[PDB]
Amino acid sequence: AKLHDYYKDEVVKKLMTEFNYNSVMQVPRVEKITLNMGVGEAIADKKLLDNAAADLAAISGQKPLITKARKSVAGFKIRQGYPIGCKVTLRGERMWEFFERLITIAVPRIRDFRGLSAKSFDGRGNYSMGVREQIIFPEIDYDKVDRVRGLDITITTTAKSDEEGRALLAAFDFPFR
Amino acid sequence: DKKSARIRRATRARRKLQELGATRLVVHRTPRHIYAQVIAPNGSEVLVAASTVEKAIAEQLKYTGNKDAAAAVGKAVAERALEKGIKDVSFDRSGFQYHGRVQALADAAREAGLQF
Amino acid sequence: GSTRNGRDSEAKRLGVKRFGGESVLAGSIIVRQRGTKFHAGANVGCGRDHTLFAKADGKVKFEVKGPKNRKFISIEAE
Amino acid sequence: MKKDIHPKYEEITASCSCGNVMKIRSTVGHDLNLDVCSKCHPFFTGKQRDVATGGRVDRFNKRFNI
Amino acid sequence: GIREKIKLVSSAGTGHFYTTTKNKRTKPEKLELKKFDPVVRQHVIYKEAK
Amino acid sequence: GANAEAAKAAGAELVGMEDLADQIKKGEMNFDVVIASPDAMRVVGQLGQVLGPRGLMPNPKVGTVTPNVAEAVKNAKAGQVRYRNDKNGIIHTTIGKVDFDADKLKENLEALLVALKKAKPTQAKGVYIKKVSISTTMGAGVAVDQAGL
Amino acid sequence: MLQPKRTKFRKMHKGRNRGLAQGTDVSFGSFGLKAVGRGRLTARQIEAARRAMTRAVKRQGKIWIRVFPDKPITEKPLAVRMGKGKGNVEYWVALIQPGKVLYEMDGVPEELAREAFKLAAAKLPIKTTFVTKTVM
Amino acid sequence: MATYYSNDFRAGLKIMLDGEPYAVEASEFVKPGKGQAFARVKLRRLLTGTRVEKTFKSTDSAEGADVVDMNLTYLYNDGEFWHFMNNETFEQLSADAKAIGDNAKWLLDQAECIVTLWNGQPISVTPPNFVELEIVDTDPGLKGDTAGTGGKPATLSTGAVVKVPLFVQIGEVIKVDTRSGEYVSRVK
RNA sequence: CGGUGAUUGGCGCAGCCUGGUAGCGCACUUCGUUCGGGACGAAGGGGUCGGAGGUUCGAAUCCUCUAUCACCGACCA
RNA sequence: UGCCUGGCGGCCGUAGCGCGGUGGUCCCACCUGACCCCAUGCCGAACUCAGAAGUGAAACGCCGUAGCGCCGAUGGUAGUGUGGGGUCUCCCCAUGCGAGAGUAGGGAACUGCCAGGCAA
RNA sequence: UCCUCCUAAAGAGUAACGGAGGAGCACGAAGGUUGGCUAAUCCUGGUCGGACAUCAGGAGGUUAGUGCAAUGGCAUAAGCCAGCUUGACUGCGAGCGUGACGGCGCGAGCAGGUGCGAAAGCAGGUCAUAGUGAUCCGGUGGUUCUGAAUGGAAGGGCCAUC
RNA sequence: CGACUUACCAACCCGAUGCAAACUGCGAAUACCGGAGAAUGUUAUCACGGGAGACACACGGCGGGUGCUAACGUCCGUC
RNA sequence: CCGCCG
RNA sequence: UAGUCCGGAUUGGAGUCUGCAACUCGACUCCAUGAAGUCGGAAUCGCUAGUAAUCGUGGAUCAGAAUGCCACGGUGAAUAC
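Chains as they are written, first to last, in our numbering: chain A, 6 to 182; chain B, 355 to 470; chain C, 7 to 84; chain D, 11 to 76; chain E, 3 to 52; chain F, 271 to 419; chain G, 329 to 464; chain H, 413 to 600.
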């Protein structure tokens with residue numbers, strides 16, 4: 006948690022004069038980072054979900070939760086309660102050490118990088134990026150993979166506007182094309 | 355919501371409990387000051403109330419709001435219950451998990467002599 | 007021509023058997039009903055068919071309680 | 011956190027070409043050798059060579075030679 | 003129809019039996035319930051028979 | 271699913287999938303029993319077709335081969351199961367144990383196969399059920415058993 | 329022929345036509361065609377009294393029809409005995425109590441609106457009258 | 413028990429009278445003024461099936477058969493018999509040479525040939541619309557003179573004989589149909 | 001009038017029964033053969049189930065209303 | 001006794017939302033830490049535990065506001081019990097009961113038992 | 001024959017070849033208990049990924065769900081999930097409900113023996129209401145209750161059942 | 001690879017408007033069950049026992065189904 | 001063996 | 001032993017040459033790109049000797065612009081019952 010000790014008095018201080026809060030509990034703090042890997046093609050192989058969940062066990066630090074299908078749709082041929090993804094809700098201590106590991110040495114490994122979008126906010130302060138490979142994370146051996154598919158990182162904060170959570174990310178410098 | 359999710363969690367064993375006319379022991383945990391009181395079977399008047407917000411309890415404890423400060427409540431509720439002739443009660447979790455401080459308040463009540 | 011209807015069932019004889027203040031000996035069925043249209047209250051039990059049976063040789067009395075106003079059936083004790 | 015179900019989370023020591031030795035916790039294993047990090051990456055010098063690309067009259071007047 | 007009827011025979015000394023049903027062609031493992039035996043006045047294990 | 275690592279606690283050696291279909295194509299004699307699940311009911315019924323029932327090692331809804339509760343299945347079927355199998359003629363030869371056990375219990379181990387063979391037949395039996403029965407050792411013993419007692 | 333779209337049930341009971349009306353005041357328009365008699369109007373009769381009323385007011389102006397049928401009328405065929413089921417639906421009526429403003433009109437003068445509802449009311453089986461939008 | 417009356421059944425309703433199962437192909441139900449009702453039923457024998465014509469009255473008619481026609485997978489042959497497997501439930505099934513009749517050629521292996529099972533046992537086997545097979549005994553068909561369709565016969569791997577054109581020799585795996593028995597094309 | 005079963009590729013017919021695919025023979029398309037057409041050999045394409053309304057996660061299939069094409073009836077006086 | 005507050009009710013929208021303001025010594029809420037008690041079909045987020053640096057932001061309580069929900073007359077209308085009547089698929093008279101909708105209007109709940117705080 | 005709604009006229013009941021639909025089961029968990037949890041559908045943001053899979057947030061409020069038709073019911077949830085489990089237990093049963101009768105339904109409590117829960121307590125199947133057939137004859141198991149001179153047995157009876 | 005002009009169809013909401021046996025955020029009259037009390041009525045009430053007959057109904061009013069808001073039609077309710 | 005006609 | 005250091009199409013850029021002129025519409029180079037393609041269905045053609053096959057060179061037409069045509073040598077078969 007390098008960039009939590011950084012957060013406690015150089016980003017909290019930074020956002021109290023940008024949006025002139027009267028109370029330190031008004032400052033946007035980040036709550037959780039949820040890593041969905043929407044595998045989709047676990048209809049063919051169940052062990053195709055097992056390699057994909059094994060890649061979240063490396064990109065994150067902990068074992069993923071496989072996600073059942075809420076409804077059942079015949080446009081994709083999935084039944085009710087048939088496993089169709091895997092999520093990692095990392096929060097607390099390991100989400101700071103991931104967010105350190107995300108923006109510093111995993112964003113530069115993205116092939117043909119220009120910047121992250123300044124419009125990938127859902128009107129509440131919650132960012133969502135989506136990567137197209139596993140191999141932007143060094144925890145992949147580059148040889149044990151057999152599928153291109155990446156994941157999407159969602160950063161749920163306690164912000165309120167799209168600007169108020171943009172400015173929280175922008176103090177971690179979070180490149181923003 | 356944190357609060358009203360627990361009220362409906364508790365209501366199943368409140369309405370069932372007043373259907374038996376039971377003089378009930380109502381515990382109320384908070385991150386400081388676990389509370390406890392004993393309520394008559396009408397539901398409308400109480401008989402015994404002892405808790406660590408009282409100044410005759412908190413002076414003898416270093417922190418009010420841990421397990422041994424919860425065992426100081428359940429002994430004092432049972433010491434005041436037997437004066438009124440209240441032997442038989444029914445414990446009410448009030449939506450709290452019967453695990454930590456609210457177990458010790460029922461432990462120290464069953465140790466001191468509050469029969470249930 | 008022909009018809010496709012003409013089918014019904016033995017009327018189940020539901021409803022309230024014992025009304026308001028009308029002494030009922032314990033175990034006396036009061037309301038025979040589909041679901042819990044009328045809910046069980048003081049001294050009155052509810053069966054496996056939502057038949058609220060009396061439990062104490064007394065009166066009856068319907069009410070409305072809580073924040074849902076569900077006719078409720080209690081038993082005054084005389 | 012649970013026992014025995016999670017992968018090992020031993021702290022590593024990263025290193026990129028710029029001398030940026032930076033200790034992080036990960037699950038890689040032994041060590042880690044990097045190309046670029048958030049420091050020394052072509053995001054601030056990269057758009058410097060993106061603005062001045064287009065233009066054709068200055069292309070032509072080098073074939074004018076005067 | 004499909005769900006045939008079996009006969010749980012008591013594993014006590016007597017021959018009291020409960021009778022019930024079981025769909026055999028979906029869950030063909032035998033029933034090992036623990037029911038009350040009114041000859042022994044105990045609560046011994048019953049086992050499926052025909 | 272989980273049963274690719276669950277019956278690994280049930281003692282079986284090569285737990286898996288079509289890795290054992292490469293071994294059918296090589297013709298390996300290291301196993302005697304093929305047990306599957308309704309997950310794995312699409313493999314040997316489609317890939318190892320002849321070579322699973324020529325030597326006979328399949329499973330369906332007749333033998334107890336393929337439930338989905340394979341954890342507590344193989345906690346005993348690794349130990350003592352001896353597969354009562356057809357022959358073209360009258361014969362159904364089963365196997366007695368090592369000679370140096372408690373031999374009086376073996377006279378129940380031969381007897382507690384009777385109540386399972388007489389438990390359910392083909393509802394089309396002929397004159398007798400059990401005509402001739404002789405419990406040989408391997409090559410030398412002869413003991414005429416009775417079908418009645 | 330004004331007819332409902334995808335009704336709940338095909339055949340309904342006969343029912344009585346008792347009571348007073350609800351379309352009493354002229355709401356949408358300036359001049360109305362109010363019923364005095366108790367009858368019922370079929371969908372052919374609404375639509376025939378509309379063609380005889382749109383025509384007189386040559387199409388400019390605006391006309392509101394305050395009644396819709398939404399009631400099916402069954403009919404036993406000829407040479408068929410009683411029983412053996414309800415008849416099949418042939419046409420759709422609207423039930424008219426006394427006081428029901430049937431049609432309305434706006435955008436024409438007071439005399440052309442007068443002299444068009446009379447040509448429309450000759451197509452109706454009920455006795456109607458002429459009413460004007462009243463304040464309050 | 414499933415008893416049927418002859419004014420009821422439409423087509424395909426499998427019935428069981430005089431010791432044999434019958435499929436109904438079609439039935440025309442007539443009844444005329446001042447007569448009773450009869451149904452001139454065009455049945456089909458199921459075990460030895462050629463055809464049969466019965467003209468039932470309005471009463472009575474026959475019990476039904478346990479007659480399931482589900483998809484089975486041909487996978488095995490031994491001596492006489494031919495074993496099959498369901499791809500839905502994986503239950504065993506054993507067919508005989510009287511049940512295979514006049515179709516022992518057309519299966520090769522892993523074929524989804526349907527069977528009709530009667531009363532818990534199969535008597536018929538229907539091989540698919542096409543199977544691909546291999547020619548093992550065919551002359552190396554030379555043109556020679558031939559001006560006018562040459563058509564040489566080919567003995568196949570399964571002991572069938574088919575008429576093939578003059579460009580398939582041996583190991584030229586060719587697919588045929590089973591309903592007639594003609595060459596259609598060559599698989600490559 | 002009703003009573004009963006079908007309307008699936010340009011044509012005619014299977015599939016439905018028991019829900020997860022739309023095939024078959026002709027033709028038509030290209031090539032080859034031929035002095036050319038016909039025959040013949042090779043490659044290939046084209047329907048999405050008469051229409052409507054549901055049931056179901058999902059309908060050519062199961063359901064109801066229909067459509068106009070077949071068949072069978074239209075008794076006793 | 002008077003304010004604030006917390007548990008348990010009485011009642012059940014005149015009591016519910018919206019909008020504007022407001023409170024931290026008490027209490028309460030977030031908050032702090034979690035190796036453990038216990039805990040996550042992954043995650044102390046929740047549950048649980050150990051504590052008290054910070055803030056009243058959220059939430060909660062209180063206050064103000066009718067912008068909606070809700071309450072709501074009197075009069076009339078509809079209906080109808082009984083008895084007569086008519087130009088009798090509908091209505092009328094005598095008598096008794098008499099809505100629903102809408103209108104004026106009210107209205108930002110009230111209240112009991114205990115405990116804590118603070119002023120008397 | 002059975003179940004649901006309407007006709008049915010606000011107690012119950014109520015007919016027609018009146019208007020609409022369903023049943024001839026399923027389940028050893030889909031039953032019991034304890035502990036928790038809250039839907040449908042749109043909206044934005046997001047790798048493959050679209051009208052629609054999974055993730056996140058919001059609006060929304062039970063328009064969802066309920067093994068299966070319809071009605072009544074359901075937040076204390078009867079709906080969803082997890083652990084332990086066999087009360088889907090034997091002998092009775094005050095008291096009513098409903099049928100012309102055969103019958104059918106509800107049932108606190110009592111004794112014995114269990115389960116779950118710290119406990120108060122709940123549990124003699126399932127949200128309720130369809131999922132079904134009387135006798136006679138006969139089959140199997142149990143119980144010395146009778147047992148044609150007596151002793152057995154056979155056959156009857158009772159009990160469980162087919 | 002993209003759109004420009006755009007005589008027209010029109011969901012969710014908002015305002016107004018009707019309809020329903022199988023619609024209800026509302027809701028009578030009567031009828032019904034039960035309790036108290038007075039007058040009145042040859043116990044008119046109930047239970048048991050002997051004997052029956054009857055189980056083809058008709059019209060009229062009201063509330064309806066059905067039919068044509070046809071029938072001295074038909075089918076229930078109640079007098 | 002097959003081989004139609006302009 | 002791979003669509004690979006195979007194959008070179010297609011295409012972006014930068015040029016040279018000829019000619020009044022290189023957009024329609026040239027050849028050539030350079031850098032980048034790196035496609036189909038894994039020996040070809042029915043059918044079909046050429047060749048019996050310095051031949052087939054394979055490898056390069058030259059000329060004519062012509063400012064420039066050939067894989068064609070016309071000529072020249074290198075290596076050099078198999079088979080004919």
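Quick reminder that beta carbons are idealized off the backbone N, C-alpha and C, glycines included.
Count the other CB atoms within 10 Å of the CB of residue i; is the residue buried (16 or more) or exposed (fewer)?
i, result
"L458(H)", "buried"
"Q373(G)", "buried"
"residue 300(B)", "There is no way to answer for residue 300(B), as the model of chain B reaches only from 355 to 470."
"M42(A)", "buried"
"residue 251(A)", "The structure shown does not extend to residue 251(A), since chain A is modelled only from 6 to 182, so the question has no answer here."
"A46(C)", "buried"
Name, please, each residue of chain F whose Cβ falls closer than 8 Å to the Cβ of residue i.
i, result
"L458(H)", "The contacting residues do not exist; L458(H) stays about 21 Å from chain F at best."
Name, please, each residue of chain E whose Cβ falls closer than 7 Å to the Cβ of residue i.
i, result
"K331(F)", "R27"
Residue i versus chain H: which residues are under 7 Å apart at the beta carbon?
i, result
"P391(F)", "Residues of chain H passing the Cβ test: none, with the nearest at roughly 14 Å."
What in chain D is Cβ-close to residue i, meaning under 9 Å?
i, result
"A62(A)", "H16, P17, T37"
"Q67(A)", "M11, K12, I15, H16, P17, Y19"
Anything in chain H within Cβ reach of residue i, meaning under 8 Å, just list it in chain order.
i, result
"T336(F)", "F502"
For a contact defined as C-beta to C-beta under 8 Å, what are the partners of residue i on chain D?
i, result
"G80(A)", "The premise fails here: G80(A) is roughly 35 Å from chain D at the closest Cβ pair, so nothing lies under 8 Å."
List the residues of chain D that residue i touches, going by C-beta distances under 7 Å, in chain order.
i, result
"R106(A)", "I34, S36"
Under 7 Å between beta-carbons, which chain F residues line up against residue i? List them in chain order, please.
i, result
"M497(H)", "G315"
Margin query: I want to know whether the region 404-419 of chain B touches the region 436-449 of chain B - three or more CB-CB distances under 8 Å.
Written below: Not touching, per the Cβ criterion.
Check: Just by C-beta distance, which residues in the region 521-551 of chain H are closer than 9 Å to chain F?
Finding: Against chain F - using a Cβ distance shorter than 9 Å - the residues of the region 521-551 of chain H are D521, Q522.
Next item on the list: Please confirm if the region 384-391 of chain B is in contact with the region 357-365 of chain B, defined as three or more CB-CB distances below 8 Å between the two stretches.
Entry: By the Cβ test, the region 384-391 of chain B is not in contact with the region 357-365 of chain B, since fewer than three Cβ pairs between them sit closer than 8 Å.
Check: Are there three or more Cβ pairs, one per stretch, closer than 8 Å when the region 525-538 of chain H is compared with the region 344-356 of chain F?
Finding: Touching, no.
Next item on the list: Give the residues from the region 400-413 of chain G that approach chain C closer than 8 Å (Cβ to any Cβ), ordered along the chain.
Entry: Per Cβ criterion, the list reads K412, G413.
Next item on the list: Please go through the region 529-562 of chain H and give each complete beta strand (DSSP E) segment of 3 or more residues, from N-terminal end onward.
Entry: Taking only runs of at least 3 residues, the beta strand (DSSP E) segments lying wholly in the region 529-562 of chain H are 534-538, 542-545, 547-549.
Next item on the list: Indicate whether the contact test is met: 3 or more Cβ pairs, each with one atom in the region 428-438 of chain G and one in the region 429-437 of chain H, closer than 8 Å.
Entry: No: the two stretches stay apart, fewer than three of their Cβ pairs being nearer than 8 Å.
Margin query: With a threshold of 8 Å, are at least 3 pairs of Cβ atoms found where one atom belongs to the region 409-421 of chain G and the other to the region 380-391 of chain G?
Written below: The region 409-421 of chain G is not in contact with the region 380-391 of chain G.
Next item on the list: Flag this pair as touching only if the region 11-24 of chain D and the region 73-91 of chain A have three or more C-beta atom pairs under 8 Å; answer yes or no.
Entry: The region 11-24 of chain D, when compared against the region 73-91 of chain A, does not touch it at the 8 Å Cβ threshold.
Next item on the list: Enumerate, from N- to C-terminal direction, the unbroken beta strand (DSSP E) stretches of 3 or more residues contained entirely within the region 6-46 of chain E.
Entry: Entirely contained in the region 6-46 of chain E, the beta strand (DSSP E) runs reaching 3 residues are, in chain order, 6-12, 19-24.
Next item on the list: Only counting runs of 3 or more residues, tell me where the beta strand (DSSP E) segments fall wholly within the region 116-148 of chain A, in order along the chain.
Entry: As summarised for the region 116-148 of chain A, the continuous beta strand (DSSP E) elements at least 3 residues long and confined to that stretch are 132-136, given in chain order.
Item checked: At least 3 beta-carbon pairs within less than 8 Å: the region 40-51 of chain E vs the region 10-20 of chain E -> Segments in contact, yes.
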